[PDB]
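Peer 1: Please see the structure below; I have some questions.
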Amino acid sequence: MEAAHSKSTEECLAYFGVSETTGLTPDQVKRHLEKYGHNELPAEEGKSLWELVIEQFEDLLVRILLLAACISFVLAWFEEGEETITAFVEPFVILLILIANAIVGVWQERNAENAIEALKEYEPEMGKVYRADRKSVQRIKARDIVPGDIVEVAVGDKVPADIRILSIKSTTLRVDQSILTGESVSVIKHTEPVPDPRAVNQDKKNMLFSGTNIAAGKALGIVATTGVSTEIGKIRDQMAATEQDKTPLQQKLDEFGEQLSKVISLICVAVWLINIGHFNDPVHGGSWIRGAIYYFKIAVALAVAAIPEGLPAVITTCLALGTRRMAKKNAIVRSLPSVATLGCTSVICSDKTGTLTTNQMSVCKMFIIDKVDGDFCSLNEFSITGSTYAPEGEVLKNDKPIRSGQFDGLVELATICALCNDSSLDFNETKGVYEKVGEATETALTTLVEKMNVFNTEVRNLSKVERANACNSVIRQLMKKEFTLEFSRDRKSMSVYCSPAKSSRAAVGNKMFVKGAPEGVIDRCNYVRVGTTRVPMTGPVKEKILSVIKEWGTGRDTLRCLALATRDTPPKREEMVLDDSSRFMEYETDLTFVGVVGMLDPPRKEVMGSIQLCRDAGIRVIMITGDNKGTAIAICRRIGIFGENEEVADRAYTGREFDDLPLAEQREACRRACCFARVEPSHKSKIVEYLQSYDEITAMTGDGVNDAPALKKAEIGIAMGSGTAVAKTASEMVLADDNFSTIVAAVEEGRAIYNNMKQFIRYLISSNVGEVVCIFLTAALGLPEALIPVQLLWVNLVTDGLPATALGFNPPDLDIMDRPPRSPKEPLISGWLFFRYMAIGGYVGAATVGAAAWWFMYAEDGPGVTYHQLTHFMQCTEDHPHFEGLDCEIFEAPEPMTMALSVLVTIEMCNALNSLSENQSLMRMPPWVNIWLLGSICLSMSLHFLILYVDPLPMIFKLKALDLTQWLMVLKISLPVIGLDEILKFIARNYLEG
Ligand SMILES: Nc1ncnc2c1ncn2[C@@H]1O[C@H](COP(=O)(O)OP(=O)(O)CP(=O)(O)O)[C@@H](O)[C@H]1O
Ligand SMILES: [Ca+2]
Ligand SMILES: [Ca+2]
Ligand SMILES: [Ca+2]
Ligand SMILES: [K+]
């Protein structure tokens with residue numbers, strides 16, 4: 001460990017005793033592993049704690065019941081409500097339903113965490129180091145990195161350990177340090193010592209902290225600290241979780257839960273304002289104080305009833321349940337609420353290279369110049385065999401094997417490929433295959449040089465490791481590479497400044513080797529390499545070249561082309577400024593065209609099928625890439641974005657064509673175009689911006705850093721598992737499988753969550769409206785009170801509890817993917833659904849009021865009150881003045897109240913079965929499709945029986961029930977609500993709107 005940034009780069013190398021150009025030795029790693037251990041963290045991976053995870057109570061709807069539980073305990077502390085023990089029970093039926101949902105919520109989330117960590121553990125984090133094993137570079141498991149060895153980082157990488165920067169190989173080096181210092185914008189680094197030992201992490205501008213990403217550039221450094229000695233390691237538990245998330249679904253639910261909290265506020269204020277006239281009845285006893293307080297209780301007890309306290313839990317359950325299902329499809333949900341958003345997505349933007357395609361590349365076609373005779377131009381087209389990164393294959397011309405060394409243009413094409421290249425070939429001795437190091441594109445050139453072998457290097461008797469970079473090491477032995485002009489997405493090309501390695505002649509040898517996008521390089525080509533000679537770039541030549549390039553990119557091979565050129569007379573080293581890269585394009589002028597290579601890059605096997613499925617789900621797909629349009633168009637046709645013969649005149653644009661359009665037609669283009677090529681990281685970020693300006697939910701799929709702005713901007717970023725860390729950090733979901741078909745299943749799961757969330761709402765609204773209607777109806781018609789504040793708080797515990805939450809386990813509808821996606825501007829509750837809520841709640845209230853009233857009449861055991869509703873309270877005690885009041889006092893009886901109660905419990909259990917699907921009949925979506933619901937109902941019902949028959953309990957809640965004759969009655973009344981809602985489903989089942 002070196003806790004020093006105040007020390008210079010030489011002082012840091014001296015600290016561990018390492019050479020910058022060799023690295024650590026096997027013995028040195030053995031010893032440093034004993035001393036410093038592995039590079040990893042032991043425990044508590046975003047695990048929270050046992051009791052502090054259940055402290056998620058801090059939701060508004062839940063908070064209300066908490067305060068309600070206190071004032072229900074405060075009034076109880078006075079022993080009020082004309083009762084002793086049941087007063088202390090009131091706050092506990094409230095706590096129980098909260099404890100219930102809080103447990104299920106926590107229970108589900110812990111499973112999501114345990115599914116995620118099992119998947120991240122299936123693919124180890126990696127890092128690149130230089131050790132004395134090889135002259136070359138080797139990347140290892142991030143855990144096998146020790147304080148001392150020389151580590152290499154680059155664009156899109158995640159910094160594996162706390163590293164003192166040694167050499168910044170690029171013009172600039174920017175780092176995303178948001179995870180540690182909060183610095184949003186990318187941060188520049190350097191290599192000079194920071195003498196202050198006490199300097200804060202923000203000022204350590206010569207350090208690379210672990211867990212952070214490289215925004216731009218390439219750098220070499222030395223590891224100071226690993227494992228827990230890492231800066232981010234010291235703050236593992238402290239600041240465990242910090243994120244930003246406010247999804248559209250969450251926003252709608254917050255707006256819903258807010259205004260819904262306002263109606264219940266008024267109703268319960270109304271409830272208290274209405275029955276302020278029964279303030280003095282001989283039951284409560286004329287005590288005005290104990291009159292308004294009782295109805296303050298029923299108002300609060302009704303609030304608790306009406307309020308969906310399970311809403312924060314059912315949201316939590318569905319999301320965590322969704323995160324787990326996606327984890328089974330090898331997807332990593334980096335944000336629970338984001339699963340819901342991918343359900344109501346209308347358009348999906350996608351990167352091409354490495355996202356829609358496999359990014360497994362290989363040069364299979366290439367041409368140079370044959371002859372230029374006036375208006376006549378001819379090329380030497382070549383075919384190369386071998387599609388893997390292996391150096392076994394042959395160069396062909398008209399299907400005949402050819403020594404590449406004979407053609408001089410091929411010697412130069414092989415030279416530009418070898419030098420103007422930052423990648424290499426490693427032969428994995430444990431996998432037994434040739435793997436790439438760096439970009440797949442540049443690597444495709446590396447293997448080409450090997451297959452060409454223009455200098456005929458003996459390779460028949462080499463090892464499989466030596467064979468990897470033989471023909472390339474020959475060219476590097478020949479040419480000393482002075483420095484590299486970076487690849488810039490503005491000029492879309494790069495170059496190396498090279499002189500003869502042996503330095504045989506200073507005057508004779510000096511070249512700049514350029515490769516990049518054809519149209520750019522060729523436009524800057526003033527000469528054309530014919531053989532070993534040189535001729536001026538003319539119209540016909542440029543036409544003939546670009547014609548064959550078009551022949552390849554549009555062809556059924558779908559080729560990826562790079563033009564190769566050499567600036568014959570480059571500027572002097574001191575005539576060039578390497579600080580900025582904006583000057584680099586002019587350095588790549590006066591070029592001499594050498595040749596063009598064409599790459600193979602097959603679309604992923606399941607892309608075409610996935611795209612076609614989205615088209616059936618009302619979802620549009622837009623390809624966005626920095627590659628050629630002609631090539632990009634022919635891919636869209638092959639994967640189902642365009643037809644084989646679609647007219648794409650105004651549905652495919654380039655970066656220049658797009659920008660040439662007014663901001664009006666720039667925005668309009670995004671509504672019809674499905675292919676944008678030759679674009680920028682900003683373009684990708686703006687195409688999403690334009691799509692979002694149409695009130696559409698947008699998803700972005702990428703793998704590179706050029707996607708990061710677009711990935712962050714979209715409602716859902718989706719990065720490939722084989723993609724970059726920057727892309728993954730920018731996205732909310734990661735396809736670790738690289739399976740594009742998962743995006744399809746993530747949409748189906750996303751819509752299924754929205755539906756179950758609706759069924760939760762429809763249930764708790766339609767049912768609880770009945771709870772409101774019940775109290776409002778008995779009062780309006782001058783009937784005895786149906787419910788007691790404790791009875792209101794019991795039905796709430798049992799009907800708003802688990803049967804509510806179990807709705808989050810509903811199987812999705814059968815036609816869930818055949819319907820168009822839901823508009824973002826849709827009301828959470830439609831105009832028609834609000835009618836269903838009332839129709840059910842209307843009957844429910846009526847059904848449960850007629851319950852208590854029936855006891856007063858047609859019940860044989862109950863005393864009769866004749867016909868035409870003779871219910872008035874004048875009798876009371878000593879009915880001296882009355883109308884046919886043979887009975888002394890029928891009021892304040894426990895029996896009629898339990899009748900109204902048991903109906904509610906049964907009738908609200910009933911439409912929970914109706915809440916299995918929005919429109920599907922119970923004949924196609926039976927009760928046993930959601931077993932968790934049946935369990936809740938069984939429990940909830942059996943929990944009702946226990947209260948009625950275990951005798952220390954019916955004293956607490958005023959009730960006494962007949963064993964059979966009453967249960968038969970409440971069933972006759974409850975079951976029709978299943979019938980009623982069934983009618984309403986059939987109504988929308990035959991009339992399809994929505
Ligand atoms: N390493 C390299 N050296 C020189 N030129 C390169 C290069 N890599 C890419 N290019 C050229 O730059 C152009 C744009 O690169 P860019 O990264 O912006 O788009 P891209 O197609 O390579 C990634 P994607 O297709 O996933 O959007 C490419 O079309 C290619 O012709
Ligand atoms: Ca409730
Ligand atoms: Ca890419
Ligand atoms: Ca209810
Ligand atoms: K995003």
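As shown in the structure tokens, the chain order sets the letters A, B, ...; within each chain, residues go from 1, and ligands are also counted from 1 in the order they appear.
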Residues within 10 Å of residue A:358, please, as an MDAnalysis selection string. Count only C-alpha atoms; anything in the same chain fewer than 6 positions from it doesn't count.
Peer 2: chainID A and resid 352 601:605 722 738
Peer 1: Dump C-alpha atoms for the selected residues as a compact mmCIF listing (two decimals), in the first residue's frame?
Peer 2:
```txt
# COMPACT_ATOMS: atom_id res chain seq x y z
CA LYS A 352 -25.77 -0.71 -34.33
CA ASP A 601 -20.24 -8.10 -38.83
CA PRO A 602 -23.38 -10.27 -38.54
CA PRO A 603 -26.54 -9.07 -36.75
CA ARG A 604 -27.33 -10.95 -33.54
CA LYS A 605 -29.38 -14.07 -34.29
CA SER A 722 -20.32 -7.08 -23.42
CA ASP A 738 -26.34 -9.87 -24.88
```
Peer 1: Tell me, counting only C-alpha atoms and all ligand atoms, for each residue of chain A within 7 Å of ligand 4, which pair of atoms is nearest and how far apart they are in Å to one decimal, in rows ordered by chain and increasing number, as JSON lines.
Peer 2:
```
{"residue": "A:305", "atom": "CA", "partner": "ligand 4", "partner_atom_place_in_ligand_line": "1 (Ca)", "distance": 6.2}
{"residue": "A:306", "atom": "CA", "partner": "ligand 4", "partner_atom_place_in_ligand_line": "1 (Ca)", "distance": 6.8}
{"residue": "A:764", "atom": "CA", "partner": "ligand 4", "partner_atom_place_in_ligand_line": "1 (Ca)", "distance": 5.9}
{"residue": "A:767", "atom": "CA", "partner": "ligand 4", "partner_atom_place_in_ligand_line": "1 (Ca)", "distance": 5.1}
{"residue": "A:768", "atom": "CA", "partner": "ligand 4", "partner_atom_place_in_ligand_line": "1 (Ca)", "distance": 4.5}
{"residue": "A:771", "atom": "CA", "partner": "ligand 4", "partner_atom_place_in_ligand_line": "1 (Ca)", "distance": 6.7}
{"residue": "A:795", "atom": "CA", "partner": "ligand 4", "partner_atom_place_in_ligand_line": "1 (Ca)", "distance": 6.4}
{"residue": "A:796", "atom": "CA", "partner": "ligand 4", "partner_atom_place_in_ligand_line": "1 (Ca)", "distance": 5.3}
{"residue": "A:799", "atom": "CA", "partner": "ligand 4", "partner_atom_place_in_ligand_line": "1 (Ca)", "distance": 4.5}
{"residue": "A:800", "atom": "CA", "partner": "ligand 4", "partner_atom_place_in_ligand_line": "1 (Ca)", "distance": 4.8}
{"residue": "A:908", "atom": "CA", "partner": "ligand 4", "partner_atom_place_in_ligand_line": "1 (Ca)", "distance": 6.5}
```
Peer 1: Store the residues picked out above in a file with N, CA, C and O atoms, as a PDB file, in the first residue's frame.
Peer 2:
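Final file, again_5.pdb:
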```pdb
ATOM      1  N   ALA A 305     -59.762   3.139   6.669  1.00  0.00           N
ATOM      2  CA  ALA A 305     -60.434   2.202   5.782  1.00  0.00           C
ATOM      3  C   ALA A 305     -60.229   2.595   4.325  1.00  0.00           C
ATOM      4  O   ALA A 305     -59.684   1.823   3.535  1.00  0.00           O
ATOM      5  N   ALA A 306     -60.656   3.806   3.984  1.00  0.00           N
ATOM      6  CA  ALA A 306     -60.661   4.274   2.601  1.00  0.00           C
ATOM      7  C   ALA A 306     -59.261   4.434   2.010  1.00  0.00           C
ATOM      8  O   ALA A 306     -59.068   4.262   0.808  1.00  0.00           O
ATOM      9  N   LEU A 764     -59.309  -1.619  -4.471  1.00  0.00           N
ATOM     10  CA  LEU A 764     -59.369  -0.776  -3.278  1.00  0.00           C
ATOM     11  C   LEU A 764     -60.233   0.465  -3.445  1.00  0.00           C
ATOM     12  O   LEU A 764     -60.583   1.108  -2.459  1.00  0.00           O
ATOM     13  N   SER A 767     -64.173  -1.257  -3.733  1.00  0.00           N
ATOM     14  CA  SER A 767     -64.518  -1.861  -2.449  1.00  0.00           C
ATOM     15  C   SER A 767     -64.705  -0.816  -1.353  1.00  0.00           C
ATOM     16  O   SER A 767     -65.686  -0.857  -0.611  1.00  0.00           O
ATOM     17  N   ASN A 768     -63.761   0.114  -1.252  1.00  0.00           N
ATOM     18  CA  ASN A 768     -63.791   1.118  -0.194  1.00  0.00           C
ATOM     19  C   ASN A 768     -64.831   2.213  -0.428  1.00  0.00           C
ATOM     20  O   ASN A 768     -65.233   2.896   0.513  1.00  0.00           O
ATOM     21  N   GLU A 771     -67.559   0.988   1.371  1.00  0.00           N
ATOM     22  CA  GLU A 771     -67.341   1.283   2.785  1.00  0.00           C
ATOM     23  C   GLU A 771     -67.806   2.695   3.126  1.00  0.00           C
ATOM     24  O   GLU A 771     -68.261   2.960   4.238  1.00  0.00           O
ATOM     25  N   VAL A 795     -62.392  -4.312   9.187  1.00  0.00           N
ATOM     26  CA  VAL A 795     -62.639  -4.603   7.783  1.00  0.00           C
ATOM     27  C   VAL A 795     -61.489  -4.043   6.949  1.00  0.00           C
ATOM     28  O   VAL A 795     -61.099  -4.628   5.939  1.00  0.00           O
ATOM     29  N   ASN A 796     -60.925  -2.927   7.399  1.00  0.00           N
ATOM     30  CA  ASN A 796     -59.764  -2.338   6.744  1.00  0.00           C
ATOM     31  C   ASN A 796     -58.550  -3.250   6.837  1.00  0.00           C
ATOM     32  O   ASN A 796     -57.822  -3.435   5.863  1.00  0.00           O
ATOM     33  N   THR A 799     -59.583  -6.440   4.508  1.00  0.00           N
ATOM     34  CA  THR A 799     -59.876  -6.270   3.084  1.00  0.00           C
ATOM     35  C   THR A 799     -58.859  -5.387   2.360  1.00  0.00           C
ATOM     36  O   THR A 799     -58.656  -5.534   1.155  1.00  0.00           O
ATOM     37  N   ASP A 800     -58.224  -4.472   3.085  1.00  0.00           N
ATOM     38  CA  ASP A 800     -57.207  -3.611   2.487  1.00  0.00           C
ATOM     39  C   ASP A 800     -55.804  -4.150   2.745  1.00  0.00           C
ATOM     40  O   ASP A 800     -54.811  -3.507   2.402  1.00  0.00           O
ATOM     41  N   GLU A 908     -66.224  -8.109  -0.268  1.00  0.00           N
ATOM     42  CA  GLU A 908     -64.973  -7.505  -0.715  1.00  0.00           C
ATOM     43  C   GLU A 908     -63.958  -8.578  -1.078  1.00  0.00           C
ATOM     44  O   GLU A 908     -63.081  -8.356  -1.909  1.00  0.00           O
TER      45      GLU A 908
END
```
Peer 1: Which residues form the shell of 10 Å around ligand 2 when you count only C-alpha atoms and all ligand atoms, given as a PDB file with N, CA and C atoms, in the first residue's frame?
Peer 2:
```pdb
ATOM      1  N   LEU A  61     -49.156   7.842   2.534  1.00  0.00           N
ATOM      2  CA  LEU A  61     -50.342   7.035   2.813  1.00  0.00           C
ATOM      3  C   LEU A  61     -50.187   6.190   4.076  1.00  0.00           C
ATOM      4  N   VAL A  62     -48.993   5.645   4.282  1.00  0.00           N
ATOM      5  CA  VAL A  62     -48.701   4.862   5.479  1.00  0.00           C
ATOM      6  C   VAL A  62     -48.569   5.768   6.701  1.00  0.00           C
ATOM      7  N   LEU A  65     -51.892   6.586   8.523  1.00  0.00           N
ATOM      8  CA  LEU A  65     -52.389   5.528   9.399  1.00  0.00           C
ATOM      9  C   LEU A  65     -51.613   5.477  10.708  1.00  0.00           C
ATOM     10  N   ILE A  94     -54.553  -1.306  13.123  1.00  0.00           N
ATOM     11  CA  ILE A  94     -53.868  -0.392  12.220  1.00  0.00           C
ATOM     12  C   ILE A  94     -52.408  -0.794  12.046  1.00  0.00           C
ATOM     13  N   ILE A  97     -51.882  -4.198   9.852  1.00  0.00           N
ATOM     14  CA  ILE A  97     -51.955  -4.113   8.395  1.00  0.00           C
ATOM     15  C   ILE A  97     -50.716  -3.413   7.847  1.00  0.00           C
ATOM     16  N   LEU A  98     -50.106  -2.564   8.669  1.00  0.00           N
ATOM     17  CA  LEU A  98     -48.874  -1.893   8.282  1.00  0.00           C
ATOM     18  C   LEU A  98     -47.702  -2.864   8.382  1.00  0.00           C
ATOM     19  N   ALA A 301     -61.438   6.408  11.561  1.00  0.00           N
ATOM     20  CA  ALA A 301     -61.522   4.975  11.301  1.00  0.00           C
ATOM     21  C   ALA A 301     -61.957   4.702   9.868  1.00  0.00           C
ATOM     22  N   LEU A 302     -62.700   5.639   9.287  1.00  0.00           N
ATOM     23  CA  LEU A 302     -63.121   5.515   7.897  1.00  0.00           C
ATOM     24  C   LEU A 302     -62.000   5.956   6.964  1.00  0.00           C
ATOM     25  N   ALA A 303     -61.204   6.918   7.421  1.00  0.00           N
ATOM     26  CA  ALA A 303     -60.048   7.380   6.663  1.00  0.00           C
ATOM     27  C   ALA A 303     -59.073   6.235   6.468  1.00  0.00           C
ATOM     28  N   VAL A 304     -58.741   5.572   7.571  1.00  0.00           N
ATOM     29  CA  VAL A 304     -57.886   4.393   7.551  1.00  0.00           C
ATOM     30  C   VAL A 304     -58.450   3.336   6.605  1.00  0.00           C
ATOM     31  N   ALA A 305     -59.762   3.139   6.669  1.00  0.00           N
ATOM     32  CA  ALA A 305     -60.434   2.202   5.782  1.00  0.00           C
ATOM     33  C   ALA A 305     -60.229   2.595   4.325  1.00  0.00           C
ATOM     34  N   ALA A 306     -60.656   3.806   3.984  1.00  0.00           N
ATOM     35  CA  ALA A 306     -60.661   4.274   2.601  1.00  0.00           C
ATOM     36  C   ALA A 306     -59.261   4.434   2.010  1.00  0.00           C
ATOM     37  N   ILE A 307     -58.289   4.767   2.852  1.00  0.00           N
ATOM     38  CA  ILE A 307     -56.925   4.989   2.377  1.00  0.00           C
ATOM     39  C   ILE A 307     -56.238   3.682   1.986  1.00  0.00           C
ATOM     40  N   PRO A 308     -55.708   3.626   0.753  1.00  0.00           N
ATOM     41  CA  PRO A 308     -54.924   2.488   0.259  1.00  0.00           C
ATOM     42  C   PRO A 308     -53.526   2.454   0.863  1.00  0.00           C
ATOM     43  N   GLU A 309     -53.426   2.038   2.120  1.00  0.00           N
ATOM     44  CA  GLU A 309     -52.141   1.961   2.809  1.00  0.00           C
ATOM     45  C   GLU A 309     -51.225   0.906   2.196  1.00  0.00           C
ATOM     46  N   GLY A 310     -51.805   0.007   1.408  1.00  0.00           N
ATOM     47  CA  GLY A 310     -51.048  -1.061   0.782  1.00  0.00           C
ATOM     48  C   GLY A 310     -50.471  -0.663  -0.561  1.00  0.00           C
ATOM     49  N   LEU A 311     -50.840   0.524  -1.034  1.00  0.00           N
ATOM     50  CA  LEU A 311     -50.339   1.026  -2.311  1.00  0.00           C
ATOM     51  C   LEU A 311     -48.804   1.121  -2.364  1.00  0.00           C
ATOM     52  N   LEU A 764     -59.309  -1.619  -4.471  1.00  0.00           N
ATOM     53  CA  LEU A 764     -59.369  -0.776  -3.278  1.00  0.00           C
ATOM     54  C   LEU A 764     -60.233   0.465  -3.445  1.00  0.00           C
ATOM     55  N   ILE A 765     -60.575   0.816  -4.678  1.00  0.00           N
ATOM     56  CA  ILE A 765     -61.460   1.954  -4.878  1.00  0.00           C
ATOM     57  C   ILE A 765     -62.910   1.496  -4.866  1.00  0.00           C
ATOM     58  N   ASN A 768     -63.761   0.114  -1.252  1.00  0.00           N
ATOM     59  CA  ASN A 768     -63.791   1.118  -0.194  1.00  0.00           C
ATOM     60  C   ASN A 768     -64.831   2.213  -0.428  1.00  0.00           C
ATOM     61  N   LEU A 792     -64.881  -0.722  11.605  1.00  0.00           N
ATOM     62  CA  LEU A 792     -64.313  -0.065  10.434  1.00  0.00           C
ATOM     63  C   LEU A 792     -62.832  -0.383  10.314  1.00  0.00           C
ATOM     64  N   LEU A 793     -62.172  -0.478  11.462  1.00  0.00           N
ATOM     65  CA  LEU A 793     -60.735  -0.696  11.507  1.00  0.00           C
ATOM     66  C   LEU A 793     -60.378  -2.174  11.392  1.00  0.00           C
ATOM     67  N   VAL A 795     -62.392  -4.312   9.187  1.00  0.00           N
ATOM     68  CA  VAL A 795     -62.639  -4.603   7.783  1.00  0.00           C
ATOM     69  C   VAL A 795     -61.489  -4.043   6.949  1.00  0.00           C
ATOM     70  N   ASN A 796     -60.925  -2.927   7.399  1.00  0.00           N
ATOM     71  CA  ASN A 796     -59.764  -2.338   6.744  1.00  0.00           C
ATOM     72  C   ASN A 796     -58.550  -3.250   6.837  1.00  0.00           C
ATOM     73  N   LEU A 797     -58.340  -3.817   8.019  1.00  0.00           N
ATOM     74  CA  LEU A 797     -57.231  -4.733   8.258  1.00  0.00           C
ATOM     75  C   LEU A 797     -57.312  -5.963   7.363  1.00  0.00           C
ATOM     76  N   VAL A 798     -58.536  -6.398   7.091  1.00  0.00           N
ATOM     77  CA  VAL A 798     -58.769  -7.684   6.454  1.00  0.00           C
ATOM     78  C   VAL A 798     -59.024  -7.564   4.948  1.00  0.00           C
ATOM     79  N   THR A 799     -59.583  -6.440   4.508  1.00  0.00           N
ATOM     80  CA  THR A 799     -59.876  -6.270   3.084  1.00  0.00           C
ATOM     81  C   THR A 799     -58.859  -5.387   2.360  1.00  0.00           C
ATOM     82  N   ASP A 800     -58.224  -4.472   3.085  1.00  0.00           N
ATOM     83  CA  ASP A 800     -57.207  -3.611   2.487  1.00  0.00           C
ATOM     84  C   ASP A 800     -55.804  -4.150   2.745  1.00  0.00           C
ATOM     85  N   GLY A 801     -55.731  -5.333   3.343  1.00  0.00           N
ATOM     86  CA  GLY A 801     -54.460  -5.907   3.741  1.00  0.00           C
ATOM     87  C   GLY A 801     -53.790  -6.747   2.673  1.00  0.00           C
ATOM     88  N   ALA A 804     -55.363  -7.458  -0.956  1.00  0.00           N
ATOM     89  CA  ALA A 804     -55.003  -6.330  -1.801  1.00  0.00           C
ATOM     90  C   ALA A 804     -53.611  -6.519  -2.397  1.00  0.00           C
TER      91      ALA A 804
END
```
Peer 1: For a quick check of understanding, using only C-alpha atoms and all ligand atoms, which of A:698, A:461, A:742, A:582 has the smallest distance to ligand 5?
Peer 2: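 Once distances to ligand 5 are computed over only C-alpha atoms and all ligand atoms, the minimum belongs to A:698.
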Peer 1: DSSP on the backbone: which residues in stretch 633-863 of chain A end up as alpha helix (DSSP H)? Give the answer as a PyMOL selection string.
Peer 2: chain A and resi 633-639+655-660+663-669+681-692+708-713+725-730+742-780+789-799+802-805+833-855
Peer 1: Write out as a Markdown table the residues of chain A that have any atom within 6 Å of an atom of ligand 3, one row each with the nearest atom pair and its distance in Å to one decimal, counting only C-alpha atoms and all ligand atoms, sorted by chain and then rising number.
Peer 2:
```
| residue | atom | partner | partner_atom_place_in_ligand_line | distance |
| --- | --- | --- | --- | --- |
| A:351 | CA | ligand 3 | 1 (Ca) | 5.9 |
| A:353 | CA | ligand 3 | 1 (Ca) | 4.3 |
| A:354 | CA | ligand 3 | 1 (Ca) | 4.8 |
| A:703 | CA | ligand 3 | 1 (Ca) | 5.0 |
| A:704 | CA | ligand 3 | 1 (Ca) | 4.7 |
```
Peer 1: Residues of the last selection are to be written out with C-alpha atoms, as a short mmCIF file (atom, residue, chain, number, x, y, z; two decimals), in the first residue's frame.
Peer 2:
```
data_model
loop_
_atom_site.label_atom_id
_atom_site.label_comp_id
_atom_site.auth_asym_id
_atom_site.auth_seq_id
_atom_site.Cartn_x
_atom_site.Cartn_y
_atom_site.Cartn_z
CA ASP A 351 -26.85 1.44 -31.39
CA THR A 353 -22.22 -1.99 -33.87
CA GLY A 354 -22.07 -4.31 -30.87
CA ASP A 703 -22.73 -0.44 -25.72
CA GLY A 704 -20.25 2.38 -26.28
#
```
Peer 1: Considering only C-alpha atoms, state which residue in the set A:966, A:21, A:920, A:823 is at the smallest distance from residue A:982.
Peer 2: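 The answer is A:920, which sits nearest to residue A:982.
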Peer 1: Pick from A:769, A:788, A:664, A:271: nearest to residue A:835, with only C-alpha atoms counted?
Peer 2: A:769
Peer 1: Compile the contact shell of stretch 215-223 of chain A as an NGL selection string: residues with an atom at most 7 Å away, counting only C-alpha atoms, same-chain residues fewer than 3 positions apart removed.
Peer 2: :A and (147-156 or 161-170 or 172-176 or 186)
Peer 1: Can you work out which residues are within 9 Å of ligand 1, considering only C-alpha atoms and all ligand atoms, and then hand them over as a PyMOL selection string?
Peer 2: chain A and resi 350-357+359+420-423+439-442+486-495+514-518+560-563+624-628+632+677-681+702-707
Peer 1: Please find the residues contacting ligand 5 at a distance of at most 10 Å between atoms, with only C-alpha atoms and all ligand atoms counted, and report them as a PyMOL selection string.
Peer 2: chain A and resi 245+247+338+698-700+708-718+729-733
Peer 1: Residues near residue A:591, anyone? I mean within 6 Å using only C-alpha atoms, not counting same-chain ones fewer than 5 positions away, as a short mmCIF file (atom, residue, chain, number, x, y, z; two decimals) with C-alpha atoms, in the first residue's frame.
Peer 2:
```
data_model
loop_
_atom_site.label_atom_id
_atom_site.label_comp_id
_atom_site.auth_asym_id
_atom_site.auth_seq_id
_atom_site.Cartn_x
_atom_site.Cartn_y
_atom_site.Cartn_z
CA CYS A 525 -6.82 12.34 -50.81
CA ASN A 526 -5.03 14.41 -53.44
CA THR A 566 -0.51 7.67 -46.43
CA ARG A 567 0.50 11.31 -46.22
#
```
Peer 1: Would you mind reading off the distance between atom CA of residue A:482 and atom CA of residue A:418, one decimal, in Å?
Peer 2: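 Atom-to-atom, atom CA of residue A:482 to atom CA of residue A:418, that is 14.3 Å.
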